[PDB]
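Each answer follows from the model by the rule given with it, or from the source it names; nothing here is a laboratory result. Reconstructed Cβ throughout: ideal geometry from the backbone, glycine too, with neighbour counts over all protein chains shown.
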Amino acid sequence: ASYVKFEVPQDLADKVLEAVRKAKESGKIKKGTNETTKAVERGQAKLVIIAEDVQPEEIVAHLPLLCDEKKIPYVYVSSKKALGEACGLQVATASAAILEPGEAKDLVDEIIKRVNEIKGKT
Amino acid sequence: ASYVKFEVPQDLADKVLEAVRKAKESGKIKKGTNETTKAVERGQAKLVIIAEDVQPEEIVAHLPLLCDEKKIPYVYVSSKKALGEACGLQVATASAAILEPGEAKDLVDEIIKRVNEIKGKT
Amino acid sequence: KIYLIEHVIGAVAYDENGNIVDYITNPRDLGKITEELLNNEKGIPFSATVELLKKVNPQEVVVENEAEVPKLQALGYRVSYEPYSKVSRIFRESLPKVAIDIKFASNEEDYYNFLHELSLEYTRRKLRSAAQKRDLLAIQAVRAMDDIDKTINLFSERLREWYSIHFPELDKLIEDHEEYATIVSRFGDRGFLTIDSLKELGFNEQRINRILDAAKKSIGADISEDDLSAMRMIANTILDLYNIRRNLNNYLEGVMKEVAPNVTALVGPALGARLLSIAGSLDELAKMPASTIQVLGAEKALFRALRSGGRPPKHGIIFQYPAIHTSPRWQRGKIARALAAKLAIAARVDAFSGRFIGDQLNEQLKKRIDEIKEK
Amino acid sequence: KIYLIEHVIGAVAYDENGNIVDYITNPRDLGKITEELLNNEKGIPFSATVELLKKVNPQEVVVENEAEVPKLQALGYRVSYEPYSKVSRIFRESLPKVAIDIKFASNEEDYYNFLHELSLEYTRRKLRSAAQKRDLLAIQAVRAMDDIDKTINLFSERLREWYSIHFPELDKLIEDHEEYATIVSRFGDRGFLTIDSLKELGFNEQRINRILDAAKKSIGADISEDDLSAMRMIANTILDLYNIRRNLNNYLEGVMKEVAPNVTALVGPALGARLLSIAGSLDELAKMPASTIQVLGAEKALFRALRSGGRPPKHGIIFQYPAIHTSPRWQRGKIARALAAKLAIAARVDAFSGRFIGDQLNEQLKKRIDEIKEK
Amino acid sequence: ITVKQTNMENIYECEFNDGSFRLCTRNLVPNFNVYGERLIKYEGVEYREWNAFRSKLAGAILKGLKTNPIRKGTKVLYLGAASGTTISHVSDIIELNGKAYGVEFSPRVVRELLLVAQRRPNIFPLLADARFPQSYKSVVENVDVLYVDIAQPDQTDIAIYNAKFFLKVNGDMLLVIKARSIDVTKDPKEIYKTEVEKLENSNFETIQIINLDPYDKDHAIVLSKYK
Amino acid sequence: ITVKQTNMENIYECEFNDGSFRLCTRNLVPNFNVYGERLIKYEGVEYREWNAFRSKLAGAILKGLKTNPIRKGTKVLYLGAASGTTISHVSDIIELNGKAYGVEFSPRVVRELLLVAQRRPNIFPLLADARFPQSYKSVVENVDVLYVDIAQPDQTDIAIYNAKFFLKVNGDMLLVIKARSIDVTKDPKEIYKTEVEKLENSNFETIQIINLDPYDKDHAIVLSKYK
RNA sequence: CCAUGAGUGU
RNA sequence: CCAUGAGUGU
RNA sequence: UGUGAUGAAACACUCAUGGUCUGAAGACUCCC
RNA sequence: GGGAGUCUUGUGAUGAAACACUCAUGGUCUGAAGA
Ligand SMILES: Nc1ncnc2c1ncn2[C@@H]1O[C@H](CSCC[C@H](N)C(=O)O)[C@@H](O)[C@H]1O
Ligand SMILES: Nc1ncnc2c1ncn2[C@@H]1O[C@H](CSCC[C@H](N)C(=O)O)[C@@H](O)[C@H]1O
């Protein structure tokens, strides 16, 4: 895919999915591309998760632009089916956002700091 | 004059000027063509008095028209200076109106009923 | 004493009790009755009424209309009127019936058939005399004029926003809309501008070079001939409308000097027409107090003051008068109050058919204005 | 570890302490610096930076921009970025001075003289790259069309009111504005109407007779050629406008398929353009959620509901979509929501340069619409 | 769909495809509508949908008009007939037997009144000023009902004036009170009261007073009997 | 007429023909006006009339701005320069020694900003997005005053981002808070408290809080010192 | 700007 | 519809 | 059916009629 | 400060919120159920 800016190791990708699940239970998340869009526009999201297997590509391509504008960090997962079914859906999702980490605070803070390292940030 | 619809005798004409005068003291009048016009449009006036020497005449030609629409009776006097100097002005007036007769009700009632007779009304 | 009734039915005489003394039935002809009803408005008696006033030879007659009274006095009788007399009611109470009795129609069926088509033809006639009034065309003219005025501005504002994609520097360099319009029309691409074509509009050479320098150094976008020609449609239309506006103003001037010269003398055709449009007719402007003419066109502002007891408008559409909007703020109130006074007189001398007297009216006004400005 | 700076001044290397390890001064040339400033936006390093990264041989280098990092990793170095580092600050604290020290200019006087003209020239360049965007021409075109749409209607309502002084029955006889205008334009006086001229407009033989009879029995006013020609000016402008609209429509269609084929595929050129006009650009349209695109053009309705907690509008300019306004009130909500959803997909594939996919989108849409209607 | 008679002559209600209830009258000129109203056939008879929001009479009914003095074969004087919206429905009601005289002084509007009055023998158009009943005096007869819906500051006085001309004794007058066309400054509820008193001093017997809201804002209609 | 210095550098007041008092600045480019402002000569020196209804800075001054960090020779970063109305007056103040870098990302408007910046060596125009200071990083220096007047929901966050880039320690930031462009629903007074708090968390030292009303509705400006 | 009655366009 | 900045026509 | 289900006030205009400011003061000069 | 006149003025002195448009920026519904 071309809207995927960097490479996510599957250990990270899995630790991502887990952070989402804890946030459904203890915090507040958003599911779907349109609500993720509003979550970035509104500055509610702390972490934005976008799928790498979206068809067609352009559906979620605006999220990198939007997220850098509002300087909200974003991360990718390999499967959209997995991310949606993580979100508490039995259907896929192209992108989601965590608004309140809750009992994923430590978990998220490590992700947003690891994805910084692979982004070449000091 | 051409805006003068009927013929007013000086005996009647004098009872008018007097009737106006008592209405300044005991009732409410309006002096001037514009205020008279407003008085008829608003239907406040009980009796309309018009001078016979206005120049140019067309200034007050509309009062007969206006008075018939709102069905307010009108009367003529001979001098505009006389009508004004009655009204408590030291300048002339082309037309005036009595809104409230006061201590001239009986005097007015005779005028509005005599001008009916010369108007051929049964 | 005979009570006289006038109707479609003919002309009927009554005694004071309400019994038909004599009658003369009208002809069952749409044409003649319609004309006699129109004529009756001016006071003119029916021809059937004239005959009846001969048949009966009455000492005292009393008619329904006060406008008829002097006409019948000229005819030889002593006449008065009673507006809503008991007799006039009596006739109309029995009007389904007495149409048949005096043989205007055989039955009720085609009395109403006639009266229906009389009414249709009677108002058809009145409908026409309303359309024939000359001030209407004056009004429609200024309304279209104001539509063109408005459109010109909209189109010009659009064109500038649009054409400035290609030549942005041109917008602030040419103040006037028509000028801007002509340039976009004639040339298109900025690189087609030439000294000789531009000298033809009247541009002093100093400005032409500034235009050309701006076109040379333009940070605008290079754009296709399709894109430019798309814009040029609006530019040409703007140019079209300015011409039509100038034509309409000239027409308006023509009709306005015709229908209301004194008002035109005071405020000109456009503003004069504009006031007629607001009043509704020339005769309605005439019946107005100056205090109304002064605030016509400021209704939102006016009733705002009337509901709340706040500050009233000094001026309505009257604001367009040169003396007002050019003058400082404190003088405007008095100029408007003075103008409105004269306008009201002007409207009245105009409507009640006076010949032109605008010269003294203008002179009186400018006298009053000159006094105001010397303080 | 070397901290690297990129500026108009050149490229400077710093240690973590804030001392210039080495520097390579830029050329004092407007043209060349401007280009590298534009290039640096995309990640491309200055040519002065490359020379500098060769002189010093640092194991760990750190730059200001995150876009430069992959470019410099490709050049052989280990590279990262720190956005607002202490070093970058240290550099600019001494920027009045260090222009002279690394000899970019002799004194402070003409560093700013130059830096000014660069700034003027740098944005002048950006001003142009903005104007060269294709979607801007789309927006201005459709905005102007809606300006003409508005004007056509106003002039038409004026003309009917105006012409009906002469020929009132024509007003209710011709529904279409363009048709009505065409009669007044070609004929003028009502007694000039002839059959063949009317067959030429498309009028069926039956209506021609109804029109001709109406003019014959018209209770309108008889009027001069001056009066008529005035009206016909407006009539002719109406027809002009109708042509220009269609020409604008074809122009719009081309641009819309060029700049946004996918969106055009869904809702047509005009409405697509209209949505671009509300968003401001295509790239801004793309970034929108479906829930916003759905109500664009309904800002009065929308912000009322947000302020008062009342009911929101179902649809904005999206309402113009044939399927919606033809449909009953309860289906509209679901159709609009579905359309806006598909529109958002269309916009994004358009903005992020995807090739045409509108066919499947339309198919997907028409499916959902049909599902909705089967209830 | 279902249509059935109401408490009042020639006035009907409709049960609809969905279950809504709208007033209607029997089409005097079948297949022809004066405004945009629905034409409805039920058991092969055509009715005209009577929008209350447009017609003050339909409003007054839907607001509990106790009794309607306008019925089969009634003679009515209708001051301010305008474009003919409301008067076309009373045409349906009085039904050829009755007669309706429409006074209206706005030519721009009588223009379209004509069209309604050609198709309907019930209605006798008159381009005249209701302030001068002498000008149409010579065309009409006396009437049972005086329906007055005119925008005029002295509208009530006009009505009373017309009444003592043409209104049969013990006839009924429906006078529409336009508060905001009498005075936009004064409170509407104040105006309704002061105008009704005008009628009562002029010996009309106030029967019922209806507030037309929400069908017509700042409007009220009075029913009274002339003596 | 009379013109005289005020407590703040290169900012003057006028005694007028009638006796009204209006703000003004020493004209850096005499005989030339950027908006419609009046030109006034007094003792052969020309001043530009500073309309407060247009310039928020003039408003805050007329509303009791304690101290003005903009004076002779001040280096200012100006986010949201717009048409150049306000920035032109700060051009007059800083006076050739000082420099003003004007960020503005709307091309339709930067268009006339160009015109202002041509006649004025004080001003360095930048068509850029104030959310990405990396794009103008390579033109500006660090600054004494960070003037922020941008219509954006995250305007406060943007300012802070720019500050830690270009704002000197112990430098000042003038932050215009646009309530209705932050949230049209919330109370303007709520926004002010929450935005100032944001500044106080990013170790800005709130010096003064001004309400620009009535010159600007639903606006406030903050003066604070960065640490 | 209020009310009433009649209509128009995307 | 709200707020800010730049303008236009009668 | 999260690649958006459910709920849910799209925008621009014309004509006709009525409601349409205040009401007597302002400016100069001459005598001790 | 007291007195005294002159011109303008109810054919209007005094007081007093005329109207119509364009651009640019941001604030731009709901969220898991439906046959
Ligand atoms: N003085 C007057 N004489 C006759 N009609 C008048 C009048 N003043 C106003 N009108 C008319 O009264 C109408 C009021 S609207 C009422 C319309 C009609 N009653 C209906 O419901 O269908 C206006 O159209 C106006 O033209
Ligand atoms: N994110 C952003 N980056 C740069 N400029 C922005 C911006 N968001 C809004 N703006 C601009 O900020 C401006 C605010 S209006 C400010 C007016 C100006 N300061 C004066 O007083 O004269 C607008 O012109 C807008 O184009």
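Taking only segment F:1-34 into account, find how many residues are in contact (Cβ under 8 Å) with a residue 40 or more places away in the chain and under 21 Å from F:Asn97 (Cα atoms).
So the first thing to find is which residues in segment F:1-34 are in contact (Cβ under 8 Å) with a residue 40 or more places away in the chain, and the list is F:1-3, F:8-11, F:25-29, F:32, F:34.
Narrowing the set further to residues that are under 21 Å from F:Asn97 (Cα atoms) leaves F:8-11, F:25-29, F:32, F:34.
The total comes to 11.
Can you go through E:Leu57, E:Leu65 and tell me which one is more than 12 Å from every other protein chain (Cβ to nearest Cβ), aliphatic (A, V, I, L, M), over 20 Å from E:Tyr136 (Cα atoms) and within 12 Å of ligand 1 (Cβ to nearest atom)?
Working: E:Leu65 fails: within 12 Å of ligand 1 (Cβ to nearest atom).
Selected residue: E:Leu57, the only one of E:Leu57, E:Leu65 that is more than 12 Å from every other protein chain (Cβ to nearest Cβ), aliphatic (A, V, I, L, M), over 20 Å from E:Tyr136 (Cα atoms) and within 12 Å of ligand 1 (Cβ to nearest atom).
One line per residue, one yes/no per condition, for (1) within 16 Å of RNA strand J (Cβ to nearest atom); (2) crowded, with 20+ Cβ neighbours inside 10 Å; (3) within 14 Å of another protein chain (Cβ to nearest Cβ):
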site: E:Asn10; (1), (2), (3): no, yes, no
site: E:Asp18; (1), (2), (3): no, no, yes
site: E:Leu23; (1), (2), (3): no, yes, no
site: E:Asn31; (1), (2), (3): no, no, no
site: E:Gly36; (1), (2), (3): no, no, yes
site: E:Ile40; (1), (2), (3): no, no, no
site: E:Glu43; (1), (2), (3): no, no, no
site: E:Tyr47; (1), (2), (3): no, yes, no
site: E:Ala52; (1), (2), (3): no, no, no
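Look through E:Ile191, E:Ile209, E:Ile221, E:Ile177 and report the one residue that is free of Cβ contacts under 8 Å to residues at least 40 places away in the same chain, more than 14 Å from chain C (Cβ to nearest Cβ) and in contact with a helix residue (DSSP H, G or I) (Cβ under 6 Å, 6 or more places away or on another chain). Before the answer, list the steps.
Numbers: E:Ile209 fails: in contact with a helix residue (DSSP H, G or I) (Cβ under 6 Å, 6 or more places away or on another chain); E:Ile221 fails: free of Cβ contacts under 8 Å to residues at least 40 places away in the same chain; E:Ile177 fails: free of Cβ contacts under 8 Å to residues at least 40 places away in the same chain.
The unique qualifying residue is E:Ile191.
Just give me the residues in segment F:103-136 being under 20 Å from D:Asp110 (Cα atoms), buried (at least 21 other Cβ atoms within 10 Å of the Cβ) and of a type in the set (D, E, K, R), in sequence order. Matches in segment F:103-136: F:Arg120 only. Can we say C:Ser197 is in contact with a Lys or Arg (Cβ under 8 Å, 6 or more places away or on another chain), in a helix (DSSP H, G or I) and more than 30 Å from D:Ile165 (Cα to Cα)? Considered against the rule, which asks whether it is in contact with a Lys or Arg (Cβ under 8 Å, 6 or more places away or on another chain), in a helix (DSSP H, G or I) and more than 30 Å from D:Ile165 (Cα to Cα), C:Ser197 comes out as yes.
Is there a residue being in contact with a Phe, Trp or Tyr (Cβ under 8 Å, 6 or more places away or on another chain) and either without any contact (Cβ under 8 Å) to a residue 60 or more places away in the chain or outside the structural domain of E:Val169 (by CATH) (or both) anywhere in segment E:70-77? Looking for residues that are in contact with a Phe, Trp or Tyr (Cβ under 8 Å, 6 or more places away or on another chain) and either without any contact (Cβ under 8 Å) to a residue 60 or more places away in the chain or outside the structural domain of E:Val169 (by CATH) (or both), one finds none in segment E:70-77, hence no.
For segment F:74-100, a residue qualifies if it is under 18 Å from F:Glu37 (Cα atoms) and either away from RNA strand H (no atom under 12 Å from the Cβ) or facing chain D (nearest Cβ under 8 Å) (or both), and the qualifying residues are F:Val90, F:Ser91, F:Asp92, F:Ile93.
Go through segment C:91-131 and give me each residue that's of a type in the set (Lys, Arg) and either away from chain E (no Cβ under 12 Å) or in a loop (DSSP other than H, G, I, E, B) (or both).
As a first pass, look at segment C:91-131 and keep what is of a type in the set (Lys, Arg): C:92, C:97, C:103, C:124-126, C:128.
Correct list: C:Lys97, C:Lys103.
When each of C:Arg190, C:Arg207 is tested for being charged (D, E, K, R) and crowded, with 17+ Cβ neighbours inside 10 Å, the lone residue that passes is C:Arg190. Among the residues making up segment A:27-66, those that are surrounded by 24 or more Cβ atoms within 10 Å (Cβ to Cβ), more than 9 Å from chain D (Cβ to nearest Cβ) and farther than 24 Å from A:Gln10 by Cα are A:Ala39, A:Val40.
Residues considered: C:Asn236, C:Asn209. Of these, the only one that is of a type in the set (S, T, N, Q) and farther than 22 Å from D:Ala138 by Cα is C:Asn209. Does segment A:94-106 include one or more residues that are of a type outside the set (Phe, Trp, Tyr), more than 13 Å from chain D (Cβ to nearest Cβ), outside any loop (DSSP other than H, G, I, E, B) and more than 29 Å from D:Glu284 (Cα to Cα)? Within segment A:94-106, one or more residues are of a type outside the set (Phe, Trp, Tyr), more than 13 Å from chain D (Cβ to nearest Cβ), outside any loop (DSSP other than H, G, I, E, B) and more than 29 Å from D:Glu284 (Cα to Cα). For segment C:268-280, check the following and say yes or no: at least one residue is within 30 Å of B:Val40 (Cα to Cα), within 14 Å of chain B (Cβ to nearest Cβ) and not basic (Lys, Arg). Yes, some residue in segment C:268-280 is within 30 Å of B:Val40 (Cα to Cα), within 14 Å of chain B (Cβ to nearest Cβ) and not basic (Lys, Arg).
Between F:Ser91, F:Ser83, which is in a helix (DSSP H, G or I), of a type outside the set (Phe, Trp, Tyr) and in contact (Cβ under 8 Å) with a residue 24 or more places away in the chain?
On the way: F:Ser83 fails: in a helix (DSSP H, G or I).
Result of the check over F:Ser91, F:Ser83: F:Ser91.
Within segment E:214-221, can one find any residue that is among the aliphatic types (A, V, I, L, M), within 14 Å of RNA strand I (Cβ to nearest atom), outside any helix (DSSP H, G or I) and within 18 Å of the chain's Cα centre (by Cα)? Within segment E:214-221 (the criterion being among the aliphatic types (A, V, I, L, M), within 14 Å of RNA strand I (Cβ to nearest atom), outside any helix (DSSP H, G or I) and within 18 Å of the chain's Cα centre (by Cα)), the answer is no, since none of the residues qualifies. Among strands (runs of 3 or more DSSP E) entirely within segment C:5-90, having at least 1 residues that are under 19 Å from E:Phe165 (Cβ atoms), among the β-branched types (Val, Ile, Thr) and facing another protein chain (nearest Cβ under 9 Å) singles out C:60-63.
What's the number of the condition D:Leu252 fails, among (1) more than 13 Å from chain C (Cβ to nearest Cβ); (2) within 30 Å of D:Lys314 (Cβ to Cβ); (3) buried (at least 16 other Cβ atoms within 10 Å of the Cβ)? Answer for D:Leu252: the failing condition is (1).
Scanning segment F:101-113 for residues that are within 8 Å of chain D (Cβ to nearest Cβ) and under 9 Å from F:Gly84 (Cα atoms) yields one hit, F:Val110.
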